[PDB]
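As structure tokens, the next two blocks hold two forms of the same chain, structure 1 and structure 2.
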Structure 1
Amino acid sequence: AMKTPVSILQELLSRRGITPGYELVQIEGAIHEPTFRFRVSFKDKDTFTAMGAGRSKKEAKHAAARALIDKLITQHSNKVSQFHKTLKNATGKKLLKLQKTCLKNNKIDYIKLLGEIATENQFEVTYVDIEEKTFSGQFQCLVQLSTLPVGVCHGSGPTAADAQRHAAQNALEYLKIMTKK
């Protein structure tokens, strides 16, 4: 089995001598497959000849021997809107009170109201009064809230208390208008 059919045919024919005749007769030397064709003989005086085709000459000899063997077998506006809802989820009654009531009145103390709103929406405020003086000779302060992103509002007045109250009123109307939708 490990012997090739060429050598199988040679072994089978070796029982009476004989030198086989192998002749490549017909190649189709075509454009991409060179196909070879041999022809196997059996003596020139008395009595066998088969043909064999293949792609390679070793396979042509093998097929000829086989034939002879068988023949033999944008998103920042979305951030703005998300800021609007994360200020909206603080649903206390102070926001509705600031919306319904006209806020011309400045008699309220704004610092406790902004503290209530900051604790309502889990925020905290920080006052920074600038020690340096303006050209108008009045105090100025800025208030910071831990928002998304963090925000700073403004206030100024002849006293530091006036500046703080102005910034606080700014925060009050601020939270009023971003509780208006």
Structure 2
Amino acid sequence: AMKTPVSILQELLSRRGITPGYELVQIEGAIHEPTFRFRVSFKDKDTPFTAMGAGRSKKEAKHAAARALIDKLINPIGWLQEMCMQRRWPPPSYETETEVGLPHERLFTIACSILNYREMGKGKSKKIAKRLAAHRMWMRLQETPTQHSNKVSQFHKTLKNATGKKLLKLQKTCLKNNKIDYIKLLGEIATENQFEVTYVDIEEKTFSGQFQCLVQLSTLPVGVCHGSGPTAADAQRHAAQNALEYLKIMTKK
């Protein structure tokens, strides 16, 4: 059944006497592979048949010669590995998956897996199993292989748009007079624009012997406006005055 045609022709002759003889016509060592061309003959007594055949292997050529006589009587591959070298990878590892228990007709199945996909190949020998698996895996991989200050200005513009009328009142009122309550109006802006104000008067005294306060805007940035005075309360009022200056110079457009 699955005998090779050289053995098939040998079987058809050995039942009728006669042993064939193979003679190599021509081998050709070209640029990338050599070709082999055999001639098979058939007796010297009664109808001396003959044929010739060729292939890229000696056994393939002998097989093709015998197959032609039966009909008468009726390369890199590692382009895959170069491509693996191109896309920054370790080399592939095809692995011997399984085999058939019969010794002379075992058809191997060999799988090649890498970090992306998995493929496999079945062959009459394990070498052609690797060729079919590597062709399928090559097919699989070749089918589907300051600005911070501007940001602060932007969301402070948004909180300005969420503030309300006290920004325009702040613009249209001179802050030189202390008759407008700085701390109270900053708290009004806090209640108005969903935030809170913070006042820090640190306990020590300066070289000038004065008091100072830092007002912190409890919003997204860190936020400090400074102020000082001879007393603690005047220092906190001047700090809220500088906070009003901050919101004022932010407001005008």
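The first residue in the sequence of structure 1 is number 1, and each one after it adds one. Take the two forms, superpose them, and find the largest set of C-alpha atoms that agree within 1.5 Å; that set is the rigid core.
S.K.: After superposition on the rigid core, does the Cα atom of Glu120 shift by at least 2 Å between structure 1 and structure 2?
M.R.: Yes; that C-alpha moves by at least 2 Å between structure 1 and structure 2.
S.K.: Following rigid core alignment, is the displacement of the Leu103 C-alpha between structure 1 and structure 2 equal to or greater than 2 angstroms?
M.R.: For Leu103, whose C-alpha is compared between structure 1 and structure 2 after core superposition, the shift is 2 Å or more.
S.K.: Can you read me the CA shift for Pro149 between structure 1 and structure 2, rigid core superposed, in Å?
M.R.: The shift comes out to 1.7 Å.
S.K.: Hey, core superposed, how many Å does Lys85 shift at the CA between structure 1 and structure 2?
M.R.: For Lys85, the C-alpha ends up 2.8 Å from its position in the other form.
S.K.: Using the rigid core as the frame, report the C-alpha movement of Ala163 between structure 1 and structure 2, one decimal, in Å.
M.R.: Taking the core as reference, the C-alpha of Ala163 is shifted 0.3 Å.
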